[PDB]
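What follows is calculated from the coordinates using simple rules that are stated; it is not laboratory data. Cβ atoms come from the backbone with ideal geometry, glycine included; neighbour counts cover every protein chain shown.
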Amino acid sequence: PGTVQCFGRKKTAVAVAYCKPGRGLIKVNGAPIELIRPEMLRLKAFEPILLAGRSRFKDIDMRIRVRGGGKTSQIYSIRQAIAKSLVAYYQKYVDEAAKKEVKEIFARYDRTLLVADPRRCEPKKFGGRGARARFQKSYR
Amino acid sequence: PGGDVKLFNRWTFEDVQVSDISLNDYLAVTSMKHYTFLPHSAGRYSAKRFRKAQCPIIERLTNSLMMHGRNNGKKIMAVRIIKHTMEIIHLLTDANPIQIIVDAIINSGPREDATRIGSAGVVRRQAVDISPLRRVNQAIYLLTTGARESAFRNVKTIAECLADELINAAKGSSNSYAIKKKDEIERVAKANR
Amino acid sequence: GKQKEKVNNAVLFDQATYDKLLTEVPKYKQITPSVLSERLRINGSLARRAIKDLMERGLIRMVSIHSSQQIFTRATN
Amino acid sequence: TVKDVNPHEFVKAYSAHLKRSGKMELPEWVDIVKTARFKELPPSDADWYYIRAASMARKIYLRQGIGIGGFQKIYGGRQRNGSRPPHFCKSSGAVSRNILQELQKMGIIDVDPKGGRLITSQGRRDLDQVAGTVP
Amino acid sequence: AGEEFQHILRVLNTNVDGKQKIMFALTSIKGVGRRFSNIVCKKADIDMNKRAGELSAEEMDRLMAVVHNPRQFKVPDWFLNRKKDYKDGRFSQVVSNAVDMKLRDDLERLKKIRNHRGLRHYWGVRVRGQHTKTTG
Amino acid sequence: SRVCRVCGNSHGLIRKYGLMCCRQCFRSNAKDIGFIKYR
Amino acid sequence: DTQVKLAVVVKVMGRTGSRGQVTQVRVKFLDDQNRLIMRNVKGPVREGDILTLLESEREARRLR
Amino acid sequence: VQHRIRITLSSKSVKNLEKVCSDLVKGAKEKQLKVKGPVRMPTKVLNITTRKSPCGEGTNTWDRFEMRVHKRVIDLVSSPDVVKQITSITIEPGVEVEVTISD
RNA sequence: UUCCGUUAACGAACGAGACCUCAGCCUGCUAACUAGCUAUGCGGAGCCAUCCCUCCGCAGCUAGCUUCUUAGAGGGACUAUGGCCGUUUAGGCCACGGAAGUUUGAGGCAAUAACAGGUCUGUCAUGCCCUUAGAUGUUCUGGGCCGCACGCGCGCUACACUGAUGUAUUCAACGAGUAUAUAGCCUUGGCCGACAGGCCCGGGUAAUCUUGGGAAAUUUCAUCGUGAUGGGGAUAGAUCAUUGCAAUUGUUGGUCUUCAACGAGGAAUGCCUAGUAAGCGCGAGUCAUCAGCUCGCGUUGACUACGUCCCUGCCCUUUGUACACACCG
Ligand SMILES: [Mg+2]
Ligand SMILES: [Mg+2]
Ligand SMILES: [Mg+2]
Ligand SMILES: [Mg+2]
Ligand SMILES: [Mg+2]
Ligand SMILES: [Mg+2]
Ligand SMILES: [Mg+2]
Ligand SMILES: [Mg+2]
Ligand SMILES: [Mg+2]
Ligand SMILES: [Mg+2]
Ligand SMILES: [Mg+2]
Ligand SMILES: [Mg+2]
Ligand SMILES: [Zn+2]
């Protein structure tokens, strides 16, 4: 009865990973994750995958989809949604205690894999272009 | 300890050993926690004080790389330059290029400086000591400025300018902008001692 | 140096980088980038980036090309 | 297949593909133009027209209903206006058109009901197998 | 490989530097921009990866031909820089010193005609409707 | 050839949404037309 | 030949300077753990930091 | 027999709109209609920025107005005689109702 | 002037805080074919092919569908727990936990007394005064506000290689769209066109059509190789087109050509403490056409600092005053 659909979120980039209990497929938008294309930030999207190992993926297919945001925002949503779909799937279908090792490895590496970042772009105030800047001021 | 984590999956952090027990706190190279695969992270640093002594040394330098306006706001180019530099450090010395980075950060840090103190009612400058965290701050800033003005209007590229400066600084020679400015700040403070 | 104006002064297309110079320019560290010796062999580029297209098929070194066209070097193996 | 491969080498394979897989017609202004108003020089590529075709071929591969104007829009770019601030400028459309009539006369694509250009069932075959023949 | 490498060429008496692409060396000629240089090199059918100076004399001759009879190459009326002239009306690519000549032609026309544009040139201040309090 | 519905002045109109008022008449009748100023 | 000595910032006595730029601290020598000497440091410092100290004699005085 | 009718409803006030829609909805449930809604539609936020000075000096200070318009729809599977059997009850202030006969 | 408290004071009013909005969290609730997964059915293409496995398109009495999207009602955070400091008061610093521990962020509103602050050039708001036909009224034609020895202010573009040009690759949010007449504001698709821009059949009064906004910067592949160079794009010549009844003192946009000064900038000076500066484009106002501006929106995204009264000021207390239009006395 395995079926999860778990997400992750960044500035505006929202990423949703829906899973089957297949064998080894992990794609992004139909394209393999092996090709994610900030091609220096191709380590980041793999970080959950390499922290856990494929052995924790030999029974799942992740057709993860990402919409909105920017570019690095999307990388940072994919990381989050892979991590959060993994922990949701283990917690509901492997075991709570067996999921504990996964969360403690991830939160050991960092905490931002699993928990979204509350930071957003804050509105710009009249009297100067900039959220916190102002026009240059002249006295004479 | 357990460290199957190599930045860019080729450059092993294990066997990293900083002589300065002063900066063993302020360099993020030793304990299991500061290791990351890539010097780019969406960190919520700067929210609280001293939080940056925990930022990875390579990421923290990468942040110092993206400077002078045309180059503010592009960390991807910065990590790219770090990779090319970081490769060619190995491609010259055949030792842990991380050791080269960290030993250069150590060796390019002033130990005494001159502030503008006054006492008992009158002010005129006096020399003081350097807290190790601003030691490290200024080493990062000053190595990076050395590389940048070595690369300005020069066909030679930034990755390799920065590699040249890290290699000869961690060597300890007085061929780096970084160590030259270090030594002059130190001798001015020694003057105003 | 004047290293693409000079691309045609026939010593370059005769012996200069026909393992006369960058047989030894590697020898310092045995693996010393073309881009990095753009100034250790002070000579600049595109008479130097053509020669490494030359010397890969002249079969004398290993190569990495990436973002900045950032090419590299290795002496003999 | 096509999604399974690096987004560049597919275009590098396919550019030589519709060079050597037979041939076709090609209007006799291909060599002068800038292909977009904001550009500055004609493309450095000698076989730039085929790479144009390959890229637009995978655009139509993985989307339906892309127009004469949508192809302009997806190929436009940044226009530095001189001392003025730069902006977005759409590319030129008559370059995209004859690419579409080439792929149409090759049957790689064809005009869509509801508007646009949709991949042809056999053009799908062509692109999928040429992508399968990549590392 | 420059067995006979010529460092300055004297093409059309403008001192083409012999160390640049035939592409971006003809730009020195007054009337040959980057674009018209590129199209001249194409329609003279020349190997482009070639420093002008390693290039041969037949090729210099063809460059001559394509720039003194361009319209015969089907090259459109709209690269040329004297479109719909009013002396004659022919479409021409005016050349190194002919450009100076033609510029003086237009200016003297306007000077005689008493144009606002022409007297504006004759006074020296800016000619294109521009504010002039704070610039020029 | 366009003035306020209010004061018949041809400077500083707000033509968007068809207000056809000047920027000052719109502030003067602002909150009763319904531009409740949460911010 | 003065050899640099390391000391630990046991407690920060204050933040002195005309402009408020210098922290004024107590350093406890690692080498002989009974030498508490009081110094001026520049930059952010918190308790327990090991500090590189070129000269030993130069000390601050309370509100220097 | 039983046709397909839609009710298009919008206003300026959250509370008042939420009261009207619930009135229609419970009206539908009393007569056991095949009712589907009330689907909520994204709120259109008219905005204006105006320099709040009337003469133009001092610090350049603007004020922003915003009218929010809230869009709602309900689908009813009924005959229009039943529709006017129902939708004659009190309509609360400010809310606007524009029933439409669909395909 | 927030409180504890002291207390010739007692008790009260505004201001602060409270209040409102946007943003951050919820796999909890109400729903949603104008939004959208998910599964199945077929349909295309690849493939140990015969079935399957993968990417795609189409429709549904598929949902014991609502994660994604929208927006309603709620919930949540209070420094609650712990530690140390504290009259163990008001509180403060630290630590787990949590999305959130500068009041969580940002704004909106914002007191008495004023200033001879700005506006009669916003008003059929307005006293007094001037004008009232040969008019400072109103209308029309043209010029003018735009004229340039020169000084100043906010900005735009750059001085390159951490780059320029040329392919390829692909990701937002704000918002906006009058009968606009014989398709008409936003404009899809098709054709003509190198470009500008044209002709055709359309869609939308809008989560329906534009636009699920295919934005740039950035990302790879080459090309330039330190050179006032292909950086830089002012200046001007020639021509076409669109808007407009009308483009001249070039409306604007193209094409080709001209390739100007600018080598990181003197004394001095501006803003800025985290999605912030900086970099990047987009929308809106203005608009028949003109956005280097102003107001909003997102994208990439940091150095330093967590302090002080040194400078420039504000608040309170003591203090001195020959000042009170108040030290610009
Ligand atoms: Mg460089
Ligand atoms: Mg607040
Ligand atoms: Mg004026
Ligand atoms: Mg201003
Ligand atoms: Mg580019
Ligand atoms: Mg240029
Ligand atoms: Mg100031
Ligand atoms: Mg506009
Ligand atoms: Mg006295
Ligand atoms: Mg006295
Ligand atoms: Mg007096
Ligand atoms: Mg005085
Ligand atoms: Zn008005």
Just to confirm my filter: which helices (runs of 4 or more DSSP H) fall fully inside the range E:10-68 and include at least 2 residues that are buried (at least 20 other Cβ atoms within 10 Å of the Cβ) and either charged (D, E, K, R) or within 14 Å of another protein chain (Cβ to nearest Cβ) (or both)? E:22-25, E:34-43
Could you list, in sequence order, the residues of the range B:158-175 that are surrounded by fewer than 24 Cβ atoms within 10 Å (Cβ to Cβ) and either without any contact (Cβ under 8 Å) to a residue 12 or more places away in the chain or in contact with a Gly (Cβ under 6 Å, 6 or more places away or on another chain) (or both)? B:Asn168, B:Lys171, B:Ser173, B:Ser174, B:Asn175
Of all the residues that make up the range G:20-57, how many are farther than 16 Å from B:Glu112 by Cβ, out of contact with any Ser or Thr (no Cβ under 7 Å at 6 or more places or on another chain) and facing chain B (nearest Cβ under 7 Å)? 1
What pairs come up if the first residue lies in the range B:59-72 and is at positive phi, the second is more than 6 Å from RNA strand I (Cβ to nearest atom) and not hydroxyl-bearing (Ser, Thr, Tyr), and their beta carbons are under 8 Å apart, counting only those six or more places apart or on different chains? none
Residues within the range A:44-69 that are over 18 Å from A:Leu114 (Cβ atoms) and within 16 Å of the chain's Cα centre (by Cα), tallied: 5
Every residue in the range C:22-44 that is of a type outside the set (D, E, K, R), within 12 Å of chain B (Cβ to nearest Cβ) and within 9 Å of the chain's Cα centre (by Cα), please. C:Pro33, C:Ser34, C:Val35, C:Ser37
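So that you can scan it fast, the table gives a plain yes or no per residue for (1) buried (at least 16 other Cβ atoms within 10 Å of the Cβ); (2) within 16 Å of ligand 13 (Cβ to nearest atom); (3) closer than 17 Å to B:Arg135 by Cβ:
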position: G:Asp1; (1), (2), (3): no, no, no
position: G:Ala7; (1), (2), (3): yes, no, yes
position: G:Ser18; (1), (2), (3): no, no, no
position: G:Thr23; (1), (2), (3): yes, no, yes
position: G:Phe29; (1), (2), (3): yes, no, no
position: G:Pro44; (1), (2), (3): yes, no, yes
position: G:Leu51; (1), (2), (3): yes, no, yes
position: G:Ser56; (1), (2), (3): yes, no, no
position: G:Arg62; (1), (2), (3): no, no, no
Can you name every residue in the range B:21-70 that is exposed (fewer than 13 other Cβ atoms within 10 Å of the Cβ), under 17 Å from the mean Cα position of the chain (by Cα) and closer than 23 Å to B:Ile81 by Cα? none
Note on the range B:131-182: residues more than 10 Å from RNA strand I (Cβ to nearest atom), of a type in the set (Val, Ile, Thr) and over 24 Å from C:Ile31 (Cα atoms) are B:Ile179
If I filter the range H:69-78 for residues that are under 25 Å from F:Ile36 (Cβ atoms), touching a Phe, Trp or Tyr at 6+ places or on another chain (Cβ under 6 Å) and without any contact (Cβ under 8 Å) to a residue 60 or more places away in the chain, do I get at least one hit? no
Inspect the range D:51-62 for any residue being of a type in the set (D, E, K, R), assigned to a helix (DSSP H, G or I) and exposed (fewer than 14 other Cβ atoms within 10 Å of the Cβ) and give the result as yes or no. no
All but one of (1) touching a residue at least 12 places away in the same chain (Cβ under 8 Å); (2) within 14 Å of chain G (Cβ to nearest Cβ); (3) in a helix (DSSP H, G or I) hold for B:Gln99; which doesn't? (2)
Counting just the residues of the range A:106-119 that are within 16 Å of the chain's Cα centre (by Cα) and either more than 21 Å from A:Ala45 (Cα to Cα) or more than 9 Å from RNA strand I (Cβ to nearest atom) (or both), which one comes out farthest from the other protein chains (Cβ to nearest Cβ)? A:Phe106
